[PDB]
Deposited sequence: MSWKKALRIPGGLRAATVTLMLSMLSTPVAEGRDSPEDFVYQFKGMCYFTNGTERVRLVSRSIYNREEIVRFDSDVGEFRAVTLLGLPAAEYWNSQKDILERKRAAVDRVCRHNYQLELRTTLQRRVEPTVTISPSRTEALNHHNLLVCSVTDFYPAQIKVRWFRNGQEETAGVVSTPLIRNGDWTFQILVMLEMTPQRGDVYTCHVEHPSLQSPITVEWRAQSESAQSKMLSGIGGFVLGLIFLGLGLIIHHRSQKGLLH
């Protein structure tokens, strides 16, 4: 069990409605403990732990550092979002939906962005109770997957339909299980 000391720095941008409301929050971290923070809504440095108390005061005494961080919401955040608009924000991969009995599971896999809406239908009618959804799964390679299951009693030839909608789709995908 060897010892380790960690220091982190997160320059985070929060976008709302394009670049209409952009917020920069720079976080200085010592072993998961945020000590200093520059919030663009605040306009100056603020200590988050007792450690960052002399650091936030020392940084706020410098006029140029105040201006370099106050302009960062445009130099860093807004400039990078315009690059985002020509790459990641235009990335649309289509979900691969699959039905497999066990209880019926619907495997919606490898889709992007995260926004998605799946529904279970029994003989055309949307089945609500007996539906378990898992939280969204990050595959880590710019793809997501979600598992939604329907507890069921299969009698006669009841048709079950997993109905998904995704921004990459102009019409929704429906797969059936007889």
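Several segments of the deposited sequence have no coordinates for C-alpha: 1-34, 137-145, 222-261, numbered from the first residue.
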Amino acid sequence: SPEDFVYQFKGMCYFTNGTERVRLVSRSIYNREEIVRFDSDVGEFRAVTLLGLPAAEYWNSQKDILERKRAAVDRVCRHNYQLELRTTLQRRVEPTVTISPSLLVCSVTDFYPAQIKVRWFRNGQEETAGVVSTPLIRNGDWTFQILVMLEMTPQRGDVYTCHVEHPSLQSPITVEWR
From here on, numbers count along this sequence of modelled residues.
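Look at the C-alpha B-factors of 113-121 and of 60-68. On average they run higher in 113-121. The stretch with the higher mean CA B factor, choosing between 22-30 and 130-138, is 130-138.
In the PDB entry, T49 places in the middle third of its chain by CA B-factor. Sort the modelled residues of the chain by CA B factor and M12 lands in the lowest third. Annotation for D74: CA B-factor lies in the highest third of the chain's modelled residues. When the modelled residues of the chain are ordered by C-alpha B-factor, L85 sits in the lowest third. For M152, the recorded CA B-factor ranks within the highest third of the chain. Only modelled residues enter the ranking.
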